[PDB]
Each structure stands twice: as C-alpha cells, then as structure tokens.
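A.B. asks: here is the sequence, then the experimental structure:
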2 protein chains.
Amino acid sequence: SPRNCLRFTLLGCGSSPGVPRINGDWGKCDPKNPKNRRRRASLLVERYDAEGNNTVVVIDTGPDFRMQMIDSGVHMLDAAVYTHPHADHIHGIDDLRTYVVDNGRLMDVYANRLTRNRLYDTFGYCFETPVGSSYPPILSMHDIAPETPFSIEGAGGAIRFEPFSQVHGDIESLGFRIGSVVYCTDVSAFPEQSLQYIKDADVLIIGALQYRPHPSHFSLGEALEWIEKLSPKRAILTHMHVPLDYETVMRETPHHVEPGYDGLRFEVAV
Amino acid sequence: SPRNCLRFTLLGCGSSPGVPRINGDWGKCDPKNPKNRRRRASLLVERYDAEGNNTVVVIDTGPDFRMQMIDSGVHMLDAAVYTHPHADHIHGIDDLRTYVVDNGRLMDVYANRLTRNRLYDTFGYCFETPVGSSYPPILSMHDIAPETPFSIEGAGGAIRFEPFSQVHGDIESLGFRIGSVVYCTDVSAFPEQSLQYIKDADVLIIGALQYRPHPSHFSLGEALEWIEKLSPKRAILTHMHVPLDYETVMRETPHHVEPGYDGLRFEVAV
Ligand SMILES: Nc1ncnc2c1ncn2[C@@H]1O[C@H](COP(=O)(O)O)[C@@H](O)[C@H]1O
Ligand SMILES: Nc1ncnc2c1ncn2[C@@H]1O[C@H](COP(=O)(O)O)[C@@H](O)[C@H]1O
Ligand SMILES: [K+]
Ligand SMILES: [K+]
Ligand SMILES: [Mn+2]
Ligand SMILES: [Mn+2]
Ligand SMILES: [Mn+2]
Ligand SMILES: [Mn+2]
C-alpha cells in the first residue's frame, strides 16, 4: 500500500460534455479503447505517511464526482478545492454530503471569490438552510487566491497548494502546484506572474482541448508550445475533447508527453 | 426494433446518494449483484410509430443523466420533464446542451412553478446569458401543474402526460401517468385528488426508500400498502436506498411487485 508519498489520481480527463458526448458521439476517438471514455476533469490528491494514513483532497466536484471517488477506491475525503465555477467542475457538489456525515464535521471547501460567490448563488442550500427546509448545511468555505499558498491538514499530514492565476476565455481559473506536480485545466493563457509556479515541474498536467483553436482552452499545439517552454520532466494532457484520440495523440506528442486517461495514477516523493 | 408502442427505461432507481454511496457503502445490498448498483432516479419515456420513428422524453436530469442516456442507446431527446427541484433530479441539467446543438432548437423543459423558480435560481445561465458571458441559453421553459394534462410532440407522435400532486415531506413533487404506466418517485403521501391518476395502472413505478420510516418517502411497507389499495397489474419499486437489497426485496414482496434495477425496460401498447 502507499507510504511516505503523495499520490495523484486523474479522476477525469475529458471536456465539458465528456467522451463520448451524451448523444453517443465519440468524435475521432476509437470507441474500442477504454482510455477514450472520459469523465469530467478532476484530480485526486493524497498524502500518505509512514503507516499509510492519508490526507485526501479533491480538485473539482463535477457531475462524475461520485463514480470517480467510488472507482478510486478511496473512501474518505478531507477537503474539496475548486478551479472555477463551470458546470463540469461543480455540479456534483451535493455528493459531498456523505463525507460530512462520516467526518462529523462540515466539508471544508476552498475557492476564490468568483467561484465562491457563484456556488453561493446556485448551491446556497449547501451553505445555509433556506426558508421552508430542514436540511442542515454541509460545507465550510475557505478563501483562496492566486500567489497565496494554503495547506490542508489530515491524517497523512498537511498538503500544501500553491494557487495561481490562469486566463480561461472570458473568466479566470486557478491552477495549483502541489510539490513538483502542477495542475492546469481550463486555461487559454498563462499570465506572466504565474510562470514561476508552472516551470520545472516533475509532472505538468495541462489542458489540451482539441486540434483547432478555441477561445477558452489551449489547442494541442499550444499546449505543446507551453510544455517546450516550461520543461516539465513529464507532461500529461487533460480536458481532452472528442477530436483527440488516445493512441493518435500519444504518437503526435514527444516521449515525455502523454494524453491522460481516467484512473491514471502515480506516486511521488513528499 | 420497437414499433407501435411506448417504451419505458428505468434509467435510475436509487436514492439521492446512489448505491453504493460515494464512500463505498453498500448498506445491506449484495455488492456482487449488479442490480444493486443504482444511479439517481430517472425514467426514459419513448413512443415508437409503425416505422420505428421515436419521440423521446426524460423524467428528471440528475447527476447520472449523461451515463444514463449513453447506456440507454437512445441518442436523441425531445424534452425533459421534472418532478421537483432536489439535487438528485436536476444537477445533470447542463448535459442537455448537446441535444440543443443536434436539434437546432432550445431544449423544451417542463416544470411546475416551484421547480421552475428553483432552476432559474441555480441554473440561470441555461435560460439567460448572464453579465460577462457569451454562452447562449439552452432551455425553453413550459409550465405544468397537477391535474392539467400536457402533450409532447415528436417524430413518433405525441406523448400525453397526466401530472398530479404528491406530498414529499416539506415540499410537493409531481407524479405522472403516461397511458397506463404511472411514475411516482419522491412521495411520502398521496392527496385524495391524485388517486384517480394512480389507481388501476398496468405498471405502477413507485418509490420505496427503505424499511424504516422516513419523513420524505414511503417505506417499503407503506409502498406495499398503497400497491394493495391501487391494484396495479405490476408494480416496480424505485428510489431505493442502501438498506434495500434486490434479491431480498424480491422475496419480501408479492409476485406482481418487484424492486427495479437500472436499465429495466418494457414496452406497452399505445
Ligand atoms: N454561467 C455559467 N455557470 C456555470 N456553468 C456554465 C456557465 N456558462 C456555461 N457553463 C457551462 O460550463 C462549461 C464550460 O466548459 P469548458 O469548455 O470546459 O470551460 C459547460 O458545461 C457550459 O455549459
Ligand atoms: N434546497 C435544496 N435544493 C436542491 N437540492 C436539495 C436542497 N436541499 C437538499 N437537497 C438535496 O436533495 C436531495 C434530497 O433527496 P431525497 O431524499 O431523494 O428527497 C439530496 O441530494 C439533498 O442533498
Ligand atoms: K508521446
Ligand atoms: K416479488
Ligand atoms: Mn471545463
Ligand atoms: Mn471551464
Ligand atoms: Mn430524490
Ligand atoms: Mn426529493
């Protein structure tokens, strides 16, 4: 079992409608390769101590969150951290409820002001009981902001996140460095001040939506341009839409670069 | 292939956290029986004509909606109809977007005032582009109300729904009769005026949450009491929580009564 490490699980590596889309559209993906079946983008972050006790933090709770956690085999959760308030990253939020019961404590969630204010609007009942309801709240909100590190405590010891700003079309999203692993989904440009957090990563997990330009995400070409500049030891592509077939993208990319797949899992030193 | 019929698919038959819960809790369900793996409650309703053209209507779009539709093998959708605005019935709403593109038309959705006003609050961007966004709306709203039949048109011909009031703890939910098939989820009591819609069904699909009383749902015993009173030819239990194991409930219930399972599918005459 895992010991003395951080462990990362790519819970989902698809674009907002998943692969295939709800209408059975696989695009250019080989439907016979299980790696092309893609849930919505999310990352599990764990820290294990010397006895195998873990601290568990999820990045984003999209609609696939429940199945992602079940399939991960990890049955406890200390916190959720949010990138930005788009459907595919937040609409599985209600499923945090079970852990609140298990932990005997509100679920700590971490979000910037933009994300937090949208969650309040759309999932107010998770924070405050509305008129005419008996459901207690389930979440405890913590602010995060680019360039301000924060740490989440748990049974495995603390996990320190370094958030930073990303341009995501018409809005801002957050990326995070955790040790020498960096997670950059839903990003169309990196601001100059964010570069320090993204360069020289052991593992850079970076969104590449499709081949053609898109206003809100890097194309594969743009992602690769960034990877050449930032010199990660290994890169893993995420938030991949239906034009991007696993085997195909594997061939089209340098040896140290690969398309992700759901369930992709690795350990690193702490 | 189906012809000259209505076809019903039980897309999901679980309680709000699914079976197992997100933490891997199966309760008393046999984890080795695939029928005990339960997605959130939803019903697919189709009408096929003599050439196999279909009209397709979903009841509720919970978080499992995308996988439910993919697994159903049905790749088009004419409308969504809503029972009530609880997470497990609405939080997969964004995934209607693909069909809007396919159909070239906003997705017609049907909801009562209570449900509609909550959807507006929490998923406003689906109806109206907010400040600072370029995303067009995706939904077109239609009112429904107990005791007022409504029909949805499509390639297979019209599907006529007869909505009626249900008590669901502290709120009201809707049930629906479609021909001689009746769908009653999230119900703790039936008002006297609703009884005409529920009696003498060919197939009564009725929520039974667990063995012990619950303020918002019928227990198994209460569901069975109702079934004895309403004399459906066949009953199928839905919205079943982790205390209710498939094989076990199968034995505990009369011959004409069965626990549902995800993917349960039948055709009836029009
Ligand atoms: N105002 C909004 N709030 C939440 N989700 C949105 C909003 N506008 C669009 N979306 C959804 O957010 C996702 C955008 O996907 P992405 O291409 O991954 O940035 C899609 O699921 C959209 O339908
Ligand atoms: N105000 C609310 N709006 C939407 N969903 C809610 C609200 N309050 C509770 N819920 C969720 O609705 C579901 C209630 O489940 P049920 O037992 O099937 O009626 C659970 O997912 C709750 O977390
Ligand atoms: K490669
Ligand atoms: K039986
Ligand atoms: Mn996204
Ligand atoms: Mn996004
Ligand atoms: Mn429910
Ligand atoms: Mn409910």
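C.D. replies: That came through, no problem. Numbers count the residues shown, from 1 in each chain, chains lettered A, B, ... in the order given. Ligands and ions are numbered 1, 2, ... in the order given.
A.B. asks: quick one: the residue in chain A positioned nearest to ligand 8 and residue B:167, what's the gap?
C.D. replies: Evaluated by Cβ to the ion, chain A has residue A:135 as its residue closest to ligand 8, separated by 10.4 Å. For the C-beta atoms, the positions are set from N, CA and C on the backbone; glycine is no exception. Noted for residue A:135: a distance of 17 Å to residue B:167, by Cβ to Cβ, to the nearest Å.
A.B. asks: hmm, back to that, now do the contacts for the residue of chain A closest to ligand 8.
C.D. replies: Counting by Cβ atoms under 8 Å, 6 or more residues apart in numbering or on different chains, residue A:135 makes contact with A:125, A:129.
A.B. asks: tell me where the stretch 51-200 of chain A has helices.
C.D. replies: Counting by DSSP state H, counting those that start in this stretch, one finds helices in the stretch 51-200 of chain A at the ranges A:65-72, A:87-90, A:97-103, A:113-122, A:195-198.
A.B. asks: in a markdown table: those helices, plus distance to residue A:186 and mean neighbour count.
C.D. replies: Compiled in a markdown table, the helices of the stretch 51-200 of chain A are given as follows (distance: least, Cβ to Cβ, whole Å; neighbours: other Cβ atoms under 10 Å in any protein chain shown):
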| stretch | distance to residue A:186 | mean neighbour count |
| --- | --- | --- |
| helix A:65-72 | 16 | 22 |
| helix A:87-90 | 7 | 25 |
| helix A:97-103 | 25 | 18 |
| helix A:113-122 | 12 | 17 |
| helix A:195-198 | 14 | 16 |
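A.B. asks: any chance of JSON lines for those, columns distance to residue A:158?
C.D. replies: Formatted as JSON lines, the entries for these read as follows, by distance: least, Cβ to Cβ, whole Å:
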{"stretch": "helix A:65-72", "distance to residue A:158": "21"}
{"stretch": "helix A:87-90", "distance to residue A:158": "24"}
{"stretch": "helix A:97-103", "distance to residue A:158": "17"}
{"stretch": "helix A:113-122", "distance to residue A:158": "22"}
{"stretch": "helix A:195-198", "distance to residue A:158": "18"}
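A.B. asks: nearest to ligand 5, out of those?
C.D. replies: Taking these one by one with Cβ to the ion, helix A:87-90 is closest: 4.5 Å.
A.B. asks: so where's the longest strand in chain A?
C.D. replies: For chain A, the strand reaching the highest residue count under DSSP state E is reported as strand A:159-168.
A.B. asks: from the chain's centre, how far out does that strand sit?
C.D. replies: Chain-centre distance of strand A:159-168: 11 Å, with Cα atoms, centre = their mean, to the nearest Å.
A.B. asks: so which elements touch that strand?
C.D. replies: When contacts are defined as 3 or more Cβ pairs under 8 Å, 6 or more residues apart in numbering or on different chains; DSSP states H and E, strand A:159-168 sits against strand A:42-48, strand A:150-152, strand A:171-178, helix A:195-198.
A.B. asks: what's residue A:115 in contact with, if anything?
C.D. replies: The neighbourhood of residue A:115, defined by Cβ under 8 Å, 6+ apart, consists of A:82-85, A:90, A:174.
A.B. asks: quick one: residue A:6 is in a strand?
C.D. replies: Yes: note on residue A:6: a strand contains this position according to DSSP: H, G, I helix; E, B strand; the rest coil.
A.B. asks: that one contacts residue A:270, doesn't it?
C.D. replies: Yes: under the contact definition of Cβ atoms under 8 Å, residue A:6 touches residue A:270, with a separation of 5.9 Å.
A.B. asks: next one: stretch A:96-115 to chain centre, how far?
C.D. replies: Stretch A:96-115 has its C-alpha centroid displaced from the chain centroid by 16 Å (Cα atoms, centre = their mean).
A.B. asks: again, but for stretch A:84-103
C.D. replies: With Cα atoms, centre = their mean, you get 13 Å for stretch A:84-103.
A.B. asks: does it reach ligand 7?
C.D. replies: No: shown here: stretch A:84-103 not in contact with ligand 7 (Cβ under 5 Å from the ion), separated by at least 10.8 Å.
A.B. asks: quick one: that stretch near ligand 1?
C.D. replies: Yes: with Cβ under 6 Å from any ligand atom as the threshold, stretch A:84-103 lies in contact with ligand 1, specifically through A:85-88.
A.B. asks: now the nearest residue to residue A:241 once chain neighbours are set aside: how far from residue A:68?
C.D. replies: With sequence-adjacent residues excluded and distances taken as Cβ to Cβ, 6 or more residues apart in numbering or on different chains, residue A:241 is closest to residue A:15, at 3.7 Å. Applying Cβ to Cβ, the value for residue A:15 to residue A:68 is 16 Å.
A.B. asks: please name the bridge partners of residue A:10.
C.D. replies: When bridges are taken as DSSP bridges, the partners of residue A:10 come out as residue A:43, residue A:264.
A.B. asks: which residues touch it?
C.D. replies: In this structure, residue A:10 makes contact with A:43, A:205, A:236, A:238, A:260-265, judged by Cβ under 8 Å, 6+ apart.
A.B. asks: in chain A, which residue sits nearest ligand 7?
C.D. replies: As assessed by Cβ to the ion, ligand 7 sits closest to residue A:94 within chain A, at 10.8 Å.
A.B. asks: ok, the residue nearest to residue A:241 - contacts?
C.D. replies: Counting by Cβ under 8 Å, 6+ apart, residue A:15 makes contact with A:38, A:41, A:88, A:209-210, A:239-242.
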